[PDB]
Amino acid sequence: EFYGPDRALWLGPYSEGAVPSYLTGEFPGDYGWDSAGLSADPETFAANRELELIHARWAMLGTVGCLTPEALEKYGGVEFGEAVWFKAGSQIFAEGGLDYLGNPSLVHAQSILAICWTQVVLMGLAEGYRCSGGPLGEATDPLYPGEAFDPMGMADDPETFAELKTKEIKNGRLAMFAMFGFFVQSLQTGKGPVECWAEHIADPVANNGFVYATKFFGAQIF
Amino acid sequence: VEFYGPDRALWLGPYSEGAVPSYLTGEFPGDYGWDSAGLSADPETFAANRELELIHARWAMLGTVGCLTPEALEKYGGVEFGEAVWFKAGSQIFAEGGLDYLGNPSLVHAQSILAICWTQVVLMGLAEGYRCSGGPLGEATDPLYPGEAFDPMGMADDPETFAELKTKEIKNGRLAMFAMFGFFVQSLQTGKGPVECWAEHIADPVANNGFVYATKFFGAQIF
Amino acid sequence: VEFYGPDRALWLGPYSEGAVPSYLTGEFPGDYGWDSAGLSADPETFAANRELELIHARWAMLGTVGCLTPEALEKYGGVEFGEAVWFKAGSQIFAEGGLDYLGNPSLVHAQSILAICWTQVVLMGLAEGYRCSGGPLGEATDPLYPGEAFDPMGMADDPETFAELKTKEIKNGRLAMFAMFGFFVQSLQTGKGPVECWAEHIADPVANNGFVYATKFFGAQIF
Ligand code: CHL
Ligand SMILES: CC1=C[C@H](O)CC(C)(C)[C@H]1/C=C/C(C)=C/C=C/C(C)=C/C=C/C=C(C)/C=C/C=C(\CO)C(=O)CC1=C(C)C[C@@H](O)CC1(C)C
Ligand SMILES: CC1=C[C@H](O)CC(C)(C)[C@H]1/C=C/C(C)=C/C=C/C(C)=C/C=C/C=C(C)/C=C/C=C(\CO)C(=O)CC1=C(C)C[C@@H](O)CC1(C)C
Ligand SMILES: CC1=C[C@H](O)CC(C)(C)[C@H]1/C=C/C(C)=C/C=C/C(C)=C/C=C/C=C(C)/C=C/C=C(\CO)C(=O)CC1=C(C)C[C@@H](O)CC1(C)C
Ligand SMILES: CC1=C[C@H](O)CC(C)(C)[C@H]1/C=C/C(C)=C/C=C/C(C)=C/C=C/C=C(C)/C=C/C=C(\CO)C(=O)CC1=C(C)C[C@@H](O)CC1(C)C
Ligand SMILES: [Mg+2]
Ligand SMILES: [Mg+2]
């Protein structure tokens, strides 16, 4: 019910008139949603599927990456320089630098210029290998190469492969949706996601988003 | 006719001849031959953008009247709202007394934004669902012009005047969208309501115009 | 030899083939095979985007020289402008005496912002009309390369050097657009002019670089 003509659509029963002809159920995540007609061209639709999933993979890492140090500081008694994700980058400018987990023996980076231009070379080469191949194999598929990147062979079965593609893109869209939550939540409340959540569950009727509705993405206008 | 077909009005007047794409043929309402960014070269995308544009235009038409009415009512009709300016109207739900319609505490008198929010989700969620796939008030025969229960006075029964009404609708809407964009930037830049801006301007148009606030970037006084 | 056709230079160097869309074949200037978002898969849109890009590149090329000239002239040529920094240059029309060209009160000496604005509307309005459909300086034979009155020195008469000049034009223009993007973000972040940023940087590059302002979001010091 996630592929083919009898798949799930993005409006449930009210989908009978809101699914374009080119969204036929072939690709993962096809809920028949393209109201803006941005993927009518088959080549562009291929590009947007590549844009979407690559984003979804970064968001999946992002939600765990943003929540982990804040959850470790608030519930694991760990002492980071800055454990909140939107302030975490700034701990490179403090005295002592960026000590991993607060431990000065771990990483302990002192120069943002080294962090920056090391990432440029590594990610520059790594992304170059993604489009045209490199040390860890040939780029047989822009999203699912599954050579060195499927060591446990979880994509070997063609039938479960089709279902795993669905699980990947649905969890990824949830992660992207959450990362967008982090962004506006941080501008609006000024606090980290863990702290936002904790404050909310304590008094959900009083600790929700509408408390900050008088600000425009942080800015207190009017 | 001068709003359809090959001799219709174009978006550059006489300087148009060389700035009209081949796929803008004069078929749909509002076709002034303007798609310089080639965003509607695909016929299917063009179909979506016409639906986006008109659906926007209908919200803008309601918006301009919706934004101006309580402010015009307060400034010239002596009505006492909690917040009569559109961009401050939402905040009245957090004020004491809540959202009193027309200022009357016996009208609406809403106290909970959470109730306003999740009521609109259900009502608009179904209403938009009925728009794409039909529902209680008929079948969604056309994404923009169903005209069943939504043409009760049958003004679209004549094919010729129907074509002229479609033109009037999309032109008034683009004017409304263009005006709502005015509301947005005027509020960020001046901080006042549209009615007050209009009144202040005609008082001294040479001194009360936009360039007084050009040193601010959409409200922010940078540099 | 290496900027057109199948053996041209691409936007990822050796890692490029397999990251070049089928519709980027080497025919047009600047074709490094970069359209990862597939925004130009449609031939007609791709035609529009090439016009958007090049017209921007020409405005950016004029922009970089226009933004750097008064700031470099004021700080290194002993010239006294009213406001020599580009993002402050527009505001000098609101000061007393107005916009004196090069600071000399006998040059221009504009006093009305409304006069500058609505003269530009008429002049640029007609000029852009002449660009799409032709006019006094000839017919619009080509949307980007008319080369009638706009190639008086006939530098594009040789077909081979024309092909190379087209390449140089788009590469210098993309650098200018990329640089203008630098001006925009640099001014929001640092609050200083491009020349002064350059001068401050070369004095102590390890301490006078962008990361000093990384805690601000395009000017705003949030968090
Ligand atoms: C003959 C001259 C003629 C000209 C030049 C135009 C030109 C235009 N028309 Mg047409 N029309 C003309 C005749 C006619 N029009 C129409 C019917 C229409 C219609 C329905 C519409 C147009 C629209 C437009 C605009 C669309 C292009 C654009 O956005 O450029 C503008 C781009 C620019 C770069 C101009 C800006 C210059 C300005 C000085 C910038 C200001 C500087 C700021 C202060 C600095 C900013 C700072 C930063 C930080 C923000 C454009 C101004 C459309 C419109 O209104 O969209 C806006 C539209 O919807 N025209 C008819 C009836 C048949 C005509 C009769 O001859
Ligand atoms: C479908 C559709 C149909 C219509 O027809 C048209 C349409 C409506 C337009 C269209 C709809 C489309 C929609 C809904 C679009 C939505 C897009 C969204 C929300 C994208 C979100 C993506 C967000 C990402 C990648 C976040 C990555 C996080 C990282 C990096 O991995 C870090 O956190 C890294 C990190 C960590 C982990 C810790 C910190 O310390 C430091 C930093 C660097 C911040
Ligand atoms: C039916 C069904 C069956 C399946 O079997 C399972 C299923 C699929 C799950 C299920 C489907 C269910 C469906 C359709 C769910 C639909 C949910 C919707 C639309 C809910 C809408 C929520 C809207 C909200 C909270 C508004 C937030 C605004 C705030 C507060 O924070 C601002 O302050 C706004 C604001 C302001 C004022 C200023 C800005 O600066 C910042 C921001 C935050 C933007
Ligand atoms: C043509 C073209 C060709 C090229 O090739 C490419 C191109 C250049 C891109 C392209 C050009 C495209 C152009 C010009 C795009 C312009 C877009 C614009 C301005 C759209 C504006 C739309 C805005 C809307 C719907 C307003 C809604 C208002 C409401 C809702 O009713 C309320 O006020 C509701 C409301 C609220 C919520 C607050 C409360 O207090 C009460 C009230 C006031 C009623
Ligand atoms: C290989 C090769 C071969 C050919 O033969 C010749 C060749 C082609 C030349 C050559 C090609 C080379 C290649 C591939 C070059 C690659 C270069 C790259 C990727 C450069 C990386 C740069 C990254 C930087 C500095 C980050 C800057 C951001 C800052 C700090 O200044 C902020 O403040 C961040 C910031 C924040 C945090 C808050 C916001 O508000 C504002 C901003 C500014 C965004
Ligand atoms: Mg044109
Ligand atoms: Mg030609």
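Atoms within each ligand, like the ligands themselves, are counted from 1 in listed order. Lettering follows sequence order; numbering is per chain, from 1. Only this structure's heavy atoms are used, side chains among them; waters, hydrogens and symmetry mates stay out.
Within a 6.0 Å sphere centred on CD of B:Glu128, heavy atoms belonging to other residues, nucleotides or ligands number more than 12. Environment of CG in A:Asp203: crowded, with over 12 heavy atoms of neighbouring residues, nucleotides or ligands closer than 6.0 Å. In the displayed structure, A:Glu163 atom CD is contacted under 6.0 Å by at most 12 heavy atoms of other residues, nucleotides or ligands. Open room surrounds CD on B:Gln120; 12 or fewer heavy atoms of other groups in view lie less than 6.0 Å from it.
Closest to atom 24 (C) of ligand 2, if we only count protein heavy atoms, is A:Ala59 CB, 3.9 Å. If you check which protein heavy atom lies closest to atom 11 (C) of ligand 2, you get A:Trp33 CH2, 3.8 Å. When only non-hydrogen protein atoms are considered, atom 39 (C) of ligand 2 lies nearest to A:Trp85 O, 3.8 Å. Ranking protein heavy atoms by distance to atom 22 (C) of ligand 2, first place goes to A:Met176 CG, 3.9 Å. Protein heavy atom closest to atom 38 (C) of ligand 2, with residue, atom name and distance, is A:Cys66 SG, 3.8 Å. Of all protein heavy atoms, the one lying nearest to atom 32 (C) of ligand 2 is A:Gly62 CA, 3.9 Å.
The closest approach between A:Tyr212 and ligand 3 stays at or above 4.0 Å for every heavy atom of the residue. Under a 4.0 angstrom heavy-atom cut-off, A:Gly89 registers as lying outside contact with ligand 2. At a 4.0 Å cut-off, not a single heavy atom of B:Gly125 sits close enough to ligand 3 to count as contact.
Atoms of ligand 2 lying under 4.0 Å from any heavy atom of A:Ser35, numbered from 1 in the order shown and given with element: 4 (C), 5 (O). Residue contact check: A:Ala88 has heavy atoms under 4.0 Å from atoms 40 (O) of ligand 2. Atom numbering of ligand 2 starts at 1 in the shown order; those under 4.0 Å from a heavy atom of A:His55 are 25 (C). Residue A:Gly65 approaches ligand 2 through these ligand atoms, each under 4.0 Å from one of its heavy atoms: 37 (C).
In this structure, a donor-acceptor pair under 3.5 Å is absent between the side chains of B:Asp42 and B:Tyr23. Side-chain polar atoms of A:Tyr3 and A:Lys165 form no donor-acceptor pair below 3.5 angstrom.
Ion pairing of A:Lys87 with A:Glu82 is present here, as a side-chain N (NZ or NE/NH1/NH2) and a carboxylate O approach within less than 4.0 Å.
Taking the ring centre of A:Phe2 as origin, the terminal cationic atom of A:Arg7 falls outside the region bounded by 6.0 Å and 45° from the ring axis. A:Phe45 carries A:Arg49 over the face of its six-membered ring, with the cationic atom under 6.0 Å from the centre and within 45° of the normal.
Checked by atom type and distance alone, the side chain of B:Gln189 pairs as donor or acceptor with a backbone atom of B:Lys216 at under 3.5 Å. Checked by atom type and distance alone, the side chain of A:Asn207 never pairs as donor or acceptor with a backbone atom of A:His200 at under 3.5 Å.
For ligand 2, the polar-atom distance check finds an N/O of A:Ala36 within less than 3.5 Å of one of the ligand's N/O atoms.
Of all the heavy atoms of A:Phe180, the ones lying under 4.0 Å from any atom of ligand 2 belong exclusively to the side chain. At a heavy-atom cutoff of 4.0 Å, ligand 2 is contacted by the side chain of A:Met179 but not by its backbone.
In the candidate list A:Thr214, A:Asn208, B:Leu126, B:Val121, B:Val121 is nearest to atom 17 (C) of ligand 3, counting heavy atoms. Of the options A:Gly181, A:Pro13, B:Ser91, B:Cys117, the smallest heavy-atom separation from atom 23 (C) of ligand 3 is shown by B:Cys117.
Shown here, atom 13 (C) of ligand 2 is out of close reach of the protein: none of its heavy atoms lies under 4.0 Å off. There is no protein heavy atom closer than 4.0 angstrom to atom 9 (C) of ligand 2. For atom 42 (C) of ligand 2, the nearest protein heavy atom lies 4.0 Å away or farther. For atom 28 (C) of ligand 2, the nearest protein heavy atom is under 4.0 Å away.
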